[PDB]
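Chemist:
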Amino acid sequence: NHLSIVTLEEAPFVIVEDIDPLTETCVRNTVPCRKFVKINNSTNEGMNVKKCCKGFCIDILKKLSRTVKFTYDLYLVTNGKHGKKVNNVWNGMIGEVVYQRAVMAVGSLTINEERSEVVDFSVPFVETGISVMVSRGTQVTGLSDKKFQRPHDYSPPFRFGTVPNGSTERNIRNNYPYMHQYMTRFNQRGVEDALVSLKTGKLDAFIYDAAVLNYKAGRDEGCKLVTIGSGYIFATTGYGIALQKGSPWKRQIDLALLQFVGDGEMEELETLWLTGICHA
Ligand SMILES: CCCc1cnn(O)c1[C@@H](N)C(=O)O
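So that you can map any letter, position 158 of the sequence shown is 162 in the numbering used here, and since no number is skipped, the others follow by simple counting.
Rendered as structure tokens:
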């Protein structure tokens with residue numbers, strides 16, 4: 005009854021480190037996690053590489069394993085990231101669950117309606133949504149600011165973007181086509197790229213998952229970043245653990261999460277991994 009569980013690196017929720025080759029054992033607050041890695045860029049031939057995983061979501065998984073009394077084989081997703089339907093097929097962590105390669109998915113995984121059609125989710129345990137990060141000093145009200153609505157009213161035309169394939173991009177693409185097609189010229193490879201662009205005056209605003217942006221603003225070195233809610237209340241949600249549609253384990257996973265919330269364990273984890281120092 006070893007459970008196959010998929011995850012994905014995104015600090016501080018999931019952080020991946022190398023194993024000690026002397027022992028090949030994960031130690032401290034880490035747990036073993038493997039990744040299938042290709043031999044070359046020609047075919048899908050590959051081998052699994054042992055790594056170690058830690059972070060807020062890993063600590064949640066550890067608590068769940070302890071409380072619900074299961075063991076698991078944790079692996080990192082190799083095709084896609086969080087989850088997107090591409091060419092009519094779900095990839096990422098969502099895909100691993102949909103096609104029953106994983107019983108659960110644990111990480112910075114946003115609950116939404118489209119995903120809920122094909123997987124079940126636990127109760128949310130981290131609040132999230134769409135937020136906007138800017139350099140401290142920049143003034144925006146949220147995504148309805150004229151700077152976002154009419155970017156060519158500004159010099160240079162207002163520069164804002166997100167990271168492709170996340171639920172944030174999907175929420176914009178599905179509802180505001182002009183905004184989406186304007187934004188794509190400012191696509192960011194990841195959060196770290198975007199933060200550098202903001203701090204060096206090469207980008208005006210970065211639109212992304214709120215939980216991660218709140219975290220990054222909270223401990224930016226120099227406290228040079230500000231996050232504000234998009235105001236897209238329709239997108240307010242949370243991270244959840246994804247399970248198979250109709251999973252018999254949602255009941256017990258939820259009970260455990262609710263136990264942790266009630267007894268202060270969740271509060272302790274938030275203090276340990278998420279709380280910031282930068283005043284807003
Ligand atoms: C690398 C993109 C991550 C992202 C952007 N928005 N949202 O919601 C996510 C991620 N939390 C997700 O579940 O798709």
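In this text, a Cβ means the ideal position worked out from N, Cα and C, and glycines have one as well.
Please name the residue in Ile115, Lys73 and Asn48 whose C-alpha comes closest to that of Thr240.
Modeler: Taking the first residue of the sequence shown as 1, we reach residue 240 at position 236. Nearest option by C-alpha distance: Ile115.
Chemist: Tell me the rounded alpha-carbon separation between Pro161 and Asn191.
Modeler: The residue labelled residue 161 in the question sits at position 157 within the sequence shown. The residue labelled residue 191 in the question sits at position 187 within the sequence shown. Looking at the two C-alpha atoms, the distance is approximately 15 Å.
Chemist: Could you give the distance in angstroms between the alpha-carbon of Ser126 and the alpha-carbon of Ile257?
Modeler: In the sequence shown, counting from the first residue as 1, residue 126 sits at position 122. In the sequence shown, counting from the first residue as 1, residue 257 sits at position 253. Roughly 7 Å between the two C-alpha positions.
Chemist: So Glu13 packs on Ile19, CB below 8 Å; how close in whole Å?
Modeler: As a first step, residue 13 must be located in the sequence shown, where it is residue number 9. As a first step, residue 19 must be located in the sequence shown, where it is residue number 15. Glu13 to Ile19, Cβ: 7 Å. Contact.
Chemist: Do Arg38 and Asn52 have their CB atoms nearer than 8 Å?
Modeler: Counting from one through the sequence shown, the residue named residue 38 turns up at place 34. Counting from one through the sequence shown, the residue named residue 52 turns up at place 48. In this structure, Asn52 lies closer than 8 Å to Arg38 by Cβ.
Chemist: Could you check if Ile98 is buried or exposed, using at least 16 other CB atoms within 10 Å of its CB as the buried criterion?
Modeler: Walking along the sequence shown from the start, residue 98 turns up at place 94. Label assigned to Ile98: buried.
Chemist: How about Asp124 and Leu247: do their beta carbons lie closer than 8 Å?
Modeler: Indexing the sequence shown from 1 puts residue 124 at position 120. Indexing the sequence shown from 1 puts residue 247 at position 243. A contact, by the Cβ cut-off of 8 Å.
Chemist: Should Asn92 be listed as close to ligand 1, given that the test is whether its C-beta is under 7 Å from any heavy atom?
Modeler: The residue you call residue 92 lines up with position 88 of the sequence shown. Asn92: no, Cβ never under 7 Å from ligand 1.
Chemist: So the beta strand (DSSP E) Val123 belongs to, where does it begin and stop?
Modeler: Start at 1 with the first residue of the sequence shown, and residue 123 comes out as number 119. It spans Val123 to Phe125 - the beta strand (DSSP E) in which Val123 sits, taken as one unbroken run.
Chemist: What does the alpha-carbon distance come out to for the pair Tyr180 and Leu262?
Modeler: The residue given as residue 180 occupies position 176 in the sequence shown. The residue given as residue 262 occupies position 258 in the sequence shown. Near 36 Å, if we compare the C-alpha coordinates of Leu262 and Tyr180.
Chemist: On the DSSP letters alone, give me the boundaries of the alpha helix (DSSP H) that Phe60 sits inside.
Modeler: For the purposes of this step, residue 60 is taken as the residue at position 56 of the sequence shown. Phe60 -> alpha helix (DSSP H) spans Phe60 to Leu68.
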